[PDB]
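Participant: Dropping the structure in here first, questions after.
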Amino acid sequence: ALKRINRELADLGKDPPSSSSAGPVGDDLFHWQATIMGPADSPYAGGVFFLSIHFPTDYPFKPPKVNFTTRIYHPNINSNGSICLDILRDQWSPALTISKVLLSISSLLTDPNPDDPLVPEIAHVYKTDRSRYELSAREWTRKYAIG
Amino acid sequence: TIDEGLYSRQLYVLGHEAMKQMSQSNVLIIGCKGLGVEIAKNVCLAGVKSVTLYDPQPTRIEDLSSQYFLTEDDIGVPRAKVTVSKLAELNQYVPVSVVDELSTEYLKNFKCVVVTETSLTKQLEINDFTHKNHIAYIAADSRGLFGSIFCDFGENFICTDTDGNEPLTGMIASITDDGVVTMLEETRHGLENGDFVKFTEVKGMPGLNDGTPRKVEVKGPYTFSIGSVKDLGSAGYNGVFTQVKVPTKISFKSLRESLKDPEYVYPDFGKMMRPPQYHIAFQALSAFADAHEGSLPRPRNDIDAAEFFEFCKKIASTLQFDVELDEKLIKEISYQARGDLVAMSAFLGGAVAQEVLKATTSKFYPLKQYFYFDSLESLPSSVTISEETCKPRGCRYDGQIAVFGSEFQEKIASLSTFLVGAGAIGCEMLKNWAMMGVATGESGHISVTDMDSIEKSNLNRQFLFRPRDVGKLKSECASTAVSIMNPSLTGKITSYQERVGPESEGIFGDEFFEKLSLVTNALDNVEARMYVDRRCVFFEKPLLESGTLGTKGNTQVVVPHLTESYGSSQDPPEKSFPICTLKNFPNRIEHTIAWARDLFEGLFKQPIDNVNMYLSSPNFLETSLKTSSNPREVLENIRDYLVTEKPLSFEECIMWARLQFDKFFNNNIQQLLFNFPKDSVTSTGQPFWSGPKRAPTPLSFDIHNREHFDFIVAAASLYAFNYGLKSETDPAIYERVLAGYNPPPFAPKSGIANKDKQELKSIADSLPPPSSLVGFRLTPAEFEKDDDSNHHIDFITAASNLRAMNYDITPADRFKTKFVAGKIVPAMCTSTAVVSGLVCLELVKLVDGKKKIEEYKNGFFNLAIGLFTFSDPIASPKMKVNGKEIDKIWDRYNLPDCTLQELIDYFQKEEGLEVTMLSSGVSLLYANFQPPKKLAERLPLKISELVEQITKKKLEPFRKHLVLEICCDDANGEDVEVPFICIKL
Amino acid sequence: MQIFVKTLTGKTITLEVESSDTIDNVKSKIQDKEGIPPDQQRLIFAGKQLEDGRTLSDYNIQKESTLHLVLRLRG
Ligand SMILES: Nc1ncnc2c1ncn2[C@@H]1O[C@H](COP(=O)(O)OP(=O)(O)OP(=O)(O)O)[C@@H](O)[C@H]1O
Ligand SMILES: [Mg+2]
Ligand SMILES: [Mg+2]
């Protein structure tokens, strides 16, 4: 538990992820505030998203709870910031690092999955009117993901 | 006619048909000693039609060694006459009687006959009649640490359920014309060849929906074959398969016939040569009793042992048994012939009561036929056991002293136990301790803590409570009841009402924990088990864990410095469904139940909380604007629940219920279908509503339908309760009001400055000021499954059924809805009795202070199949630290309250290890990757001061130790695990 | 022709391929270069995922196309 979390934190400290920066809030080891930078060749370019991660007591035998904080216009992300992800439900094993989850979240930001969406209206717009979806996403990432 | 308010937990184990057939059976019980009375208690709680007792023997003092319904004022009275009055109060639906004399013909009046404390000749005479007349005959006996059970249900017993598992069901993707059936993706049917299944809700093959059983050919973990379905169709789309179970015919043999050729059941596979010994030994006991005017051999007597062994030799020769008798074990049985323990009595009573239920319900697989059990490893060896010390002393503990002696009685009488929880297992454990006399000496004590209150549903298996006790604290009732059972425990019991957890450390501190002798868990959640395990590890105290699940049960023993802790044996976690599945794409009734639960919470709980907080917090709106994820949602909820949609009578509540029905079952489905039409395809060209996705269909409100009316009634009742109005149930008013309702037009919408801020301000300025409404509060609807008149389960059932109708899913009745939504754990009284017996049998091992790990046993059992197993505890893992052997669990470092720099220097010097991380709970005190300035600022502080500064919380005055977790690297740079640090403040 | 493929780590890999080359061949090359199994490869170009059994030309992939590879999953 604590040793595994500290090992992950030390590994993150030694190697700067550049595109990511996760760390405990204040001095609490069971509440982290990770930072993600929007991909350049994506509608979310030039945006910073802050996520809250809460580790369960039985970590790593249980997946952590990850929630977005910055507003995002994505098919698989609800208003509450939830994430429609598989590795957090069943594929979770006591072998996946938080860095892998952050990389997966970056990939999900890179390309959505409208086939099994979480926000049906956004998915419908994505499948029907791609340009309107792009414009709305850019407007949102400029209004919310900057400053 | 089944009382679902009392047998709520038992119905999930037995069923409606099982209990209905059980409530028509009469049970006669011959013998009313501890085992007999325990069996009677379990049967009465079970719910049989009636119970008849027969025991004319006058009471004696030693008979109180295990009979908890006898008092010293009852000496000289027949046991049945003084037991019937106390037994009749356990359950109001189970009459209890007493018969003065027993004629053979009278036996025709009963359905089951249980026999204890009867000679072999009388047992044979009774069985020779109860066999050919098709009456169940069960004979039980308990001699010291040995027990025997015999079952005989006739030669043509029909058993319906053979394993206790529900029939295997699954959802079918499609079936070809060759009988090949495949489940959905990554779904295992789990069936085997030769099984029978039935199909329902299959599209394209309606004929297969009739349900006629068909053969099963397992073609793989995900596919199987049923045969030829050419005639009925060519291809079947979707559908559900359900296992079909066929009854089995089991033929028992009578006692007279089974004496010569017995059929044994082995309770443990490491020692399978004992039961042949016990079969002879018990018969020898009966013969010796017949040879000495019914007087059993005196305790630890050599002459009587020799005579008993002679009887054993004669009987073995007579019955042509080609087994070489073991003199040691047989003479051991001779020594304990007059013994009478309460743990063995409880264990065998639970088992035999389960057998009676099997006989009555024609369910589960019964014993076939002999079951001989022994716990001889529990006999103490650190005290003096002989004929001089084991002689009776004329006290109520003679039945135990005759096995253990006075020295072990003193050892027991000075215990200081701690029982956590007061559930069924807690009550049974307390009863056993009261009977054994645990902590009745000068230095003894008992403490029991539990924070729950007695409910009606708890009365089915907690026999220390009564209907007049509903609503009171469990600990008080248990303490008073056990003081009444054993007057010597007056003032020797302390009952708390506190939840054992991190917040109770102010009461259960070091002073409390340093005087205990053992800790016994009776909890039902893993969190408390883990916390208690950590506390025991810190204080090094023996622990007794026990758990049940329906008819399965397990018991574990943790001994300091000897075995591993319970946390290392953590169970797999629970299951949760993807949010995307629950929100939009359900495919099972569980999904709809979870969705209905969320709907309930979001309708009657959260808006109410927001409104109340707005009318309580002076600065609620501003905080919620910049705190809530959807401040607009909060503001709209407040506006709707204050001004826009504030009901004035019940008619408005009905109108609101109709509006909510349309909004949740007609408009949302239309919007979802608009986003994803029924003909939509994926990015790969595959159809969308295929496989795990089912196309929903909007529902039109039909008042005459039952489910719609139920939903309307439930929603109106909950809304009125929220607003504190008066509900009504006559259909006339509902029909009148809902007749004149005009649904507002709705069509799916595609969408397509500071107006938003101005919209929020417009919402806000419409809200009445908090001062205008002072003292006006709305009552949220807190979910409560146990109350049947709060319309909670009704609402969940109605909503789940409606959503199932949306997605063409099979609705479930109120029974299954209550089972799933409330996460009710099935429980039985027999399982409780068995687990209590096992725990109390391990307790005497703990008292003796046995050191070897082969002397302890963790037990597991399943009564649906008559399975019992015992395995040695796992030894604590060891490790190498600084070239020394260290126990991973039971080791710690004890250090004073020194500064951080001194601690680091000590670890660098004494242990030769470099500290890289130091934390205290959930706070990071020190790390090797922190900036130098912060470290230099933190080094000269003492640990207590550092913890207070970092945690922003002063240490409590009662704190006397700190548990620090340290990760340190070796000299080479290799991480090495070390035990925790116990800083002594 | 030549193309560039960008990974989740920001790395760019230059590949010499043909529009008629199958997606299987590209995934095999990617596995050879990085050791990432083809099943776990998710190639994206212009918001479209390349699928096995097709060719680059099927996706209008042309000279020096800035493609991308990301982890595989779903849910
Ligand atoms: N942390 C705890 N501290 C103290 N007592 C606890 C704790 N957790 C559970 N208990 C007690 O454990 C007992 C649980 O036993 P049981 O499950 O048979 O009863 P119940 O929870 O009232 O009933 P049901 O399981 O039918 O809902 C209750 O007495 C509860 O008070
Ligand atoms: Mg309760
Ligand atoms: Mg419970």
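We count from 1, first residue shown onward.
According to its header, this structure was worked out by electron microscopy, 3.9 Å.
Even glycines carry a Cβ here, placed using N, Cα and C.
Per Swiss-Prot, the features are:
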BINDING   B:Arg9, B:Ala424, B:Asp450, B:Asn458, B:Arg461, B:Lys474, B:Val500, B:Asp524, B:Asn525  ATP binding site
MOD_RES   B:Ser251  phosphoserine
BINDING   B:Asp452, B:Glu455  Mg(2+) 1 binding site
BINDING   B:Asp524  Mg(2+) 2 binding site
CROSSLNK  B:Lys575  ubiquitin cross-link
ACT_SITE  B:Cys580  active site, glycyl thioester intermediate
MOD_RES   B:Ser876  phosphoserine
Participant: Using DSSP and three states only, what is B:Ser251 (phosphoserine)?
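Facilitator: The three-state answer is coil.
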Participant: Within the set B:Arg461, B:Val500, B:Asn525, B:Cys580, B:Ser876, which recorded positions show a CB-to-ligand 2 distance under 6 A?
Facilitator: none
Participant: Does any of B:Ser251, B:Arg461, B:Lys575, B:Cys580, B:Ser876 have a Cβ within less than 6 Å of an atom of ligand 1? These are the recorded positions; tell me which, or none.
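Facilitator: None, by Cβ distance under 6 Å.
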Participant: Less than 6 Å between Cβ and the nearest atom of ligand 3 is the rule; apply it to the recorded positions B:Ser251, B:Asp450, B:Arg461, B:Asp524, B:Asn525, B:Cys580.
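Facilitator: Near ligand 3, sequence order: B:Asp524.
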Participant: Measure from the Cβ of the residue listed as 'ubiquitin cross-link' and count the other Cβ atoms within 10 Å, all protein chains considered.
Facilitator: 8
Participant: Quick test of understanding: given the recorded positions B:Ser251, B:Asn525, B:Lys575, B:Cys580, B:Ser876, name the ones whose C-beta is under 8 angstroms from chain A.
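Facilitator: Sorted by position along the sequence, the hits are B:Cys580.
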Participant: Spatial neighbours of B:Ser251 (phosphoserine) among the recorded positions B:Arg461, B:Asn525, B:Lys575, defined as Cα within 10 A: which are they?
Facilitator: none
Participant: If you count other CB atoms within 10 A of each CB, which of B:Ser251, B:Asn525, B:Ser876 wins among these recorded positions?
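Facilitator: Output for this query is B:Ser876.
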Participant: So which binding-site residues out of B:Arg461, B:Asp524, B:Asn525 end up within 10 angstroms of B:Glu455 (Mg(2+) 1 binding site), measuring C-alpha to C-alpha?
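Facilitator: So the list reads none.
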Participant: Can you grab the distance between C-alpha atoms at B:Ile752 and B:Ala753 for me, in Å and as a whole number, given the 14 missing residues?
Facilitator: 18
Participant: For ATP, with binders B:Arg9, B:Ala424, B:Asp450, B:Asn458, B:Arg461, B:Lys474, B:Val500, B:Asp524, B:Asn525, what's the maximum Cα separation in whole Å?
Facilitator: 25
Participant: If you draw a 10 Å sphere on the Cβ of B:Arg9 (ATP binding site), how many other Cβ atoms land inside?
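Facilitator: For B:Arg9 (ATP binding site), the 10 Å Cβ neighbour count is 19.
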Participant: On a count of neighbouring CB atoms within 10 A, which of the binding-site residues B:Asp450, B:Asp452, B:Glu455, B:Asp524 is highest?
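Facilitator: Answer returned by the neighbour count: B:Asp450.
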Participant: With every protein chain in view, how many other Cβ atoms are within 10 Å of the Cβ of B:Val500 (ATP binding site)?
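Facilitator: Excluding its own Cβ, the number within 10 Å is 24.
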Participant: Return one of helix, strand or coil for B:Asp452 (Mg(2+) 1 binding site), based on DSSP.
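Facilitator: Going by the DSSP assignment, B:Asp452 (Mg(2+) 1 binding site) belongs to neither helix nor strand, so it counts as coil.
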Participant: Helix, strand or coil by DSSP: which one applies to B:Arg9 (ATP binding site)?
Facilitator: helix
Participant: Looking at the recorded positions B:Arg9, B:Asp452, B:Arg461, B:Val500, B:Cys580, whose Cα is closest in space to that of B:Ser876 (phosphoserine)?
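Facilitator: So, spelling it out, the nearest of the recorded positions is B:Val500.
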Participant: In sequence order, what residues of the same chain, 6+ apart, have a Cβ less than 8 Å from the Cβ of B:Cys580 (active site, glycyl thioester intermediate)?
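Facilitator: In sequence order there is nothing to list, since no residue at least 6 apart has its Cβ under 8 Å from B:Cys580 (active site, glycyl thioester intermediate).
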